[PDB]
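Chains as they are written, first to last, in the numbering used here: chain A, 68 to 165; chain B, 79 to 177; chain C, 19 to 68; chain D, 753 to 1172; chain E, 2 to 64.
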Ligand SMILES: *[C@@H]1O[C@H](CO)[C@@H](O[C@@H]2O[C@H](CO)[C@@H](O)[C@H](O)[C@H]2NC(C)=O)[C@H](O)[C@H]1NC(C)=O
Ligand SMILES: *[C@@H]1O[C@H](CO)[C@@H](O[C@@H]2O[C@H](CO)[C@@H](O)[C@H](O)[C@H]2NC(C)=O)[C@H](O)[C@H]1NC(C)=O
Ligand SMILES: *[C@@H]1O[C@H](CO)[C@@H](O[C@@H]2O[C@H](CO)[C@@H](O)[C@H](O)[C@H]2NC(C)=O)[C@H](O)[C@H]1NC(C)=O
Ligand SMILES: *[C@@H]1O[C@H](CO)[C@@H](O[C@@H]2O[C@H](CO)[C@@H](O)[C@H](O)[C@H]2NC(C)=O)[C@H](O)[C@H]1NC(C)=O
Ligand SMILES: *[C@@H]1O[C@H](CO)[C@@H](O[C@@H]2O[C@H](CO)[C@@H](O)[C@H](O)[C@H]2NC(C)=O)[C@H](O)[C@H]1NC(C)=O
Ligand SMILES: *[C@@H]1O[C@H](CO)[C@@H](O[C@@H]2O[C@H](CO)[C@@H](O)[C@H](O)[C@H]2NC(C)=O)[C@H](O)[C@H]1NC(C)=O
Ligand SMILES: *[C@@H]1O[C@H](CO)[C@@H](O[C@@H]2O[C@H](CO)[C@@H](O)[C@H](O)[C@H]2NC(C)=O)[C@H](O)[C@H]1NC(C)=O
Ligand SMILES: *[C@@H]1O[C@H](CO)[C@@H](O)[C@H](O)[C@H]1NC(C)=O
Ligand SMILES: *[C@@H]1O[C@H](CO)[C@@H](O)[C@H](O)[C@H]1NC(C)=O
């Protein structure tokens, strides 16, 4: 009413989601290479072996326990959604901004 | 703690955690004359004597407004190629349906 | 005076949000686009990805 | 994307990029009494009633002024010993004339520094009303000397001078160390030295041309200068406002009216000018905080990218970081990041492990690739096929645990030795 | 010592610096660390009071 207006953002939510989807696809298919140059494909277990070597654990640890690691990752990904949904104070900062 | 003893892990756990970070606030703009005086002409004439306060306020608000878009662009726009996932969503047992 | 108070508060909050956005950009650059050796920067434990 | 396919680079490119960071703003000082009142003494007596506002404003401005010098000292003065490049400017083909100081110029500045100085660009009116600007503690020549010392130290001694005494090292060997830093073996550089040097020189020339041919490259420092000048201009212009009085000039009010009403008129003028001064001080404080944050970022970048090699992604340029060079600019610093970028990738077929005699072999530092009929071990960042032996592979377990194992033979280097 | 900021020395041990006019300090060709910053590369210290040009650091030529 009194001469105050809210201006729309330049980036709509759909294009931000598109950016996030592009980042997810890049990091899933090409590991860390796409951030430092052209994207080079790599099988996901091999990328997992690389990242295991990155922290000081040999590749055979990943290769001989692939199913267990996959199951643990899937269980954590399942748990995180319920953790976010069941707690109202998880999103405190953005709601505080609003 | 001991003299010649260590503890070596024997088994592992994969953990997934969240981290929420605000990026941009709401871009807002104001009209100095309309807010302060409305449609009254005498009030506007009196307000003209104060000088360039409204210009300063408009400049600051415009700076904030452009800074918000700059923040969003810096945070998200970091790749100039729009990659696409393959049609077959199999990655060696890892399941990415939730993301 | 009311308008000036509002503008100053907006400026301070904008500075805070800019600091947060810079931190978020650094996190995206380092934890997502690569593997980070910094402790507790990208989660508790030894970082794998994000 | 696939699940038995990999892409390996076969060539590289040395890329140099620029990053501009503001460091310090203009040091300014104000005179509360002279600005608000001027030569009049009655106005000073009336202003004395309002308390200690002028003291607060002066203290805040002094704090900002000293903070600017602190920022510059933090960013640049990081080495307490100034180094000099050797007279013979030969570094194994690398050719640094565009960043080293130029003795011909009286100012002793590098050509890129000269271009940056030239590309960045009423005073009496501001000065005459109680507003002054203070000269920086460090002149431009001293900043250039600091940058030259840092550059000579990083050229002659690598990263060793940043963590203790400076130890000399031939430049190709330093490049080999920095190549080992990113996971590429030394023989690559020792065999492509000429190509790498040519690429580096071409990149430096392109950097100079790109900086010269674009006017919007240095927007941040110009924005700082424009902000300071515009704020000062607005503060000066605020003196012409009536602020509800009968005249905007104090002398006419004093010489036209009686004291009982002259006091009211000067009261209106005093409160208006006090509000203007407070607004200016607050804006300066906020801008100083932002500039301090930028200066801290610049100091961190100088400490980590210049005085060493950084593993952080995109912190010191796009790609795998190799090294960096500092240059001074009006109210800021310019970093030239030299980085390594893979190119000319190629398809290959890969396997996680090799099964041989019921034993699983995994690579030590490379990856298994196949060109269609034979299997080799290569580095991840550069294609260099090698015969699979027991030197580059290690054994763990049997062939049935892992998924995707591939049959092949593993050469024994000692087999011809004991056989002969 | 007294420093008149932004004033030529002819409009007021007299020294003319880029910051202003300095009275009560003697200029010395020697260089030391900065003790009391004055500006434009000029610093003052007490040893009487002297004014000098600050030294960046010890010279070192790596072989
Ligand atoms: C390492 O931990 C995982 C779980 O964190 C263990 O996996 C469990 O093993 C038990 C016993 O076989 C099963 O009943 C569970 O179903 C398993 N859980 C999952 C998620 O697979 C694993 O056994 C541990 N390692 C060792 C050597 O015991
Ligand atoms: C990946 O995860 C999704 C969701 O966690 C799984 O989809 C579930 O499949 C079961 C059995 O078909 C259904 O009962 C659930 O309702 C599904 N969930 C959702 C959210 O739709 C999926 O099976 C998992 N695996 C793969 C390979 O996609
Ligand atoms: C790797 O790339 C470099 C340049 O990017 C190639 O060198 C070029 O070779 C062609 C043909 O021999 C010449 O015309 C160019 O002048 C060379 N460039 C430079 C900068 O000298 C090199 O041949 C490539 N290597 C491979 C194996 O493809
Ligand atoms: C290092 O780079 C400089 C600048 O690119 C080279 O200087 C050029 O040399 C040629 C031939 O002597 C002249 O025609 C150019 O005018 C020079 N450029 C400038 C800007 O003066 C230099 O040759 C390179 N190598 C060495 C060893 O100095
Ligand atoms: C895959 O690479 C291997 C290794 O270079 C190739 O084997 C050699 O091929 C060349 C020419 O094709 C012959 O002259 C050599 O005698 C081969 N060496 C051996 C030990 O056999 C192989 O030909 C390549 N395969 C393809 C399809 O290009
Ligand atoms: C890799 O080589 C092993 C050993 O030669 C193969 O294992 C044999 O496979 C045949 C046919 O399937 C069986 O009759 C034998 O009993 C297997 N022997 C053992 C010890 O398991 C294996 O099949 C080969 N894999 C591939 C993909 O060719
Ligand atoms: C390593 O040897 C070199 C000789 O090439 C030494 O460099 C000389 O050191 C002396 C002693 O300070 C100086 O007076 C000379 O000016 C240096 N020569 C040059 C060309 O600069 C160097 O000091 C030796 N380093 C060690 C640790 O002994
Ligand atoms: C073991 O501990 C004792 C005392 O707790 C100490 O004197 C001794 O030095 C330790 N062992 C070694 C090898 O130092
Ligand atoms: C590998 O990919 C093919 C097709 O993309 C698929 O049919 C096959 O099942 C995958 N490998 C495994 C072990 O699932």
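Where a beta carbon is used, it is the ideal one built from N, C-alpha and C, also for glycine.
### Task
List in chain order the residues whose CB is within less than 7 Å of at least one heavy atom of ligand 4.
D:841, D:847, D:849, D:850, D:863, D:953, D:957
Given this structure, state the Cα-to-Cα distance separating residue 43 of chain C from residue 856 of chain D, to the nearest angstrom.
43 Å
query: Mind pulling the chain A residues with CB within less than 7 Å of residue 1148 of chain D?
result: 127
Where residue 160 of chain B and residue 86 of chain A are concerned, what is the direct C-alpha to C-alpha distance, given to the nearest angstrom? 7 Å
Short-range partners of chain A found in the stretch 143-159 of chain B, where Cβ spacing is below 8 Å = 143, 146, 147, 150, 151, 154, 155, 156, 157, 159
- Item | Near-chain A residues of the stretch 20-31 of chain C - C-beta to any C-beta below 8 Å | none
Exercise for review: Could you tell me whether any Cβ in chain A is nearer than 7 Å to the Cβ of residue 1071 of chain D?
Suggested key: yes
Exercise. Is it true that the CB of residue 850 of chain D sits closer than 7 Å to the CB of residue 838 of chain D?
Worked result: no
Residues with C-beta closer than 7 Å to any heavy atom of ligand 8, in chain order: B:81, B:82
Output yes if chain B places a C-beta closer than 7 Å to the C-beta of residue 993 of chain D; else output no.
yes
Measure from the C-beta of residue 851 of chain D to each C-beta in chain A and report whether the shortest distance is under 7 Å.
no
- Query: Can you tell which of E:42, E:9, E:31, E:13 has its C-alpha closest to the C-alpha of residue 821 of chain D?
  - Reply: E:42
- Task: Report the rounded CA-to-CA distance for residue 891 of chain D versus residue 98 of chain B, giving the unit in angstroms.
- Result: 45 Å
- Task: At 8 Å on the CB atoms, spell out the chain D contacts of residue 113 of chain B, in chain order.
- Result: Simply none; closest approach about 18 Å.
Sorry if obvious, but does the Cβ on residue 64 of chain E come closer than 6 Å to a heavy atom of ligand 7? yes
Notebook entry, point to check: Since residue 1098 of chain D sits in a beta bridge, which residues does DSSP pair it with?
Noted result: D:760
Rounded straight-line distance, which links the Cα of residue 882 of chain D to that of residue 1015 of chain D = 23 Å
**Simplified DSSP assignment, three categories, for residue 1128 of chain D** = strand
>> At a cut-off of 6 Å, would you count residue 1099 of chain D as near ligand 3, judging by its Cβ distance to the nearest heavy atom?
In response: no
Exercise. Just confirm the distance between the C-beta atoms of residue 172 of chain B and residue 101 of chain A, as a whole number of angstroms; I'd bet it's less than 8 Å.
Key: Not really, about 18 Å apart at Cβ, beyond 8 Å.
Which same chain residues end up closer than 7 Å to residue 877 of chain D when comparing Cβ atoms and leaving out the 5 residues on each side of it in sequence? 988
Exercise for review: Using beta-carbon positions only, say whether residue 62 of chain E and residue 836 of chain D come within less than 7 Å of one another.
Suggested key: yes
Considering only the beta carbon of each residue, do residue 813 of chain D and residue 40 of chain E sit closer than 7 Å? no
Residues in the stretch 95-108 of chain A having any Cβ partner in chain B nearer than 8 Å:
95, 96, 97, 101, 102, 106
ask   = Between the stretch 98-127 of chain B and chain C, which residues of the former have a C-beta closer than 8 Å to a C-beta of the latter?
value = 99, 100, 101, 102, 103, 106, 108, 110, 113, 114
Ligand 3 and residue 944 of chain D: does any heavy atom of the ligand fall closer than 6 Å to the residue's C-beta?
no
key: Neighbour list for residue 1097 of chain D in chain A, Cβ cutoff strictly below 8 Å   = 105, 107
**Prompt:** Does the beta-carbon distance from residue 1046 of chain D to residue 774 of chain D come in below 7 Å?
**Reply:** yes
Bridge partner(s) assigned by DSSP for residue 63 of chain E
Answer by DSSP bridge pairing: none, since residue 63 of chain E is not bridged.
Worksheet item: Which residues in the same chain have their Cβ closer than 7 Å to the Cβ of residue 902 of chain D, if we skip the five residues on either side of it in sequence?
Response: 831, 1058, 1078
Exercise. Do residue 1105 of chain D and residue 1147 of chain D have their CB atoms nearer than 7 Å?
Worked result: no
Query raised in the report: Roughly how many angstroms separate the alpha carbons of residue 1097 of chain D and residue 759 of chain D, rounded to a whole number?
Result: 6 Å
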